[PDB]
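Chemist: Here it is, the structure in full.
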Amino acid sequence: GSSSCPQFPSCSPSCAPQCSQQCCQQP
Numbered sequence: 001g002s003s004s005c006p007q008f009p010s011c012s013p014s015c016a017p018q019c020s021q022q023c024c025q026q027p
């Protein structure tokens, strides 16, 4: 239901859907 990106379930809508750990997770 949540997380439009499957690589990371906590990816902020801002860091999605690029689906990159860098933005969704950390620098």
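Under PDB author numbering, the residues of the sequence shown are numbered 1 to 27, in order.
Note that beta-carbon positions come from the ideal geometry of N, C-alpha and C, so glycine has one too.
#1: Mapping the DSSP letters down to three states, classify residue 13 as helix, strand or coil.
#2: For residue 3 versus residue 10, is the C-beta spacing smaller than 9 Å?
#3: Whole angstroms is fine: what's the gap from residue 21's alpha carbon to residue 8's?
#4: Is the distance from the Cβ of residue 12 to the Cβ of residue 19 below 9 Å?
#5: Mapping DSSP to helix, strand and coil, what is residue 5?
Modeler: Let me lay it out:
#1: Residue 13: helix per DSSP, three-state reduction.
#2: In this structure, residue 3 places its C-beta atom within 9 Å of the C-beta atom of residue 10.
#3: Their backbone Cα atoms lie some 7 Å apart in a straight line.
#4: The answer is no: Cβ separation not under 9 Å.
#5: It is coil, neither helix nor strand.
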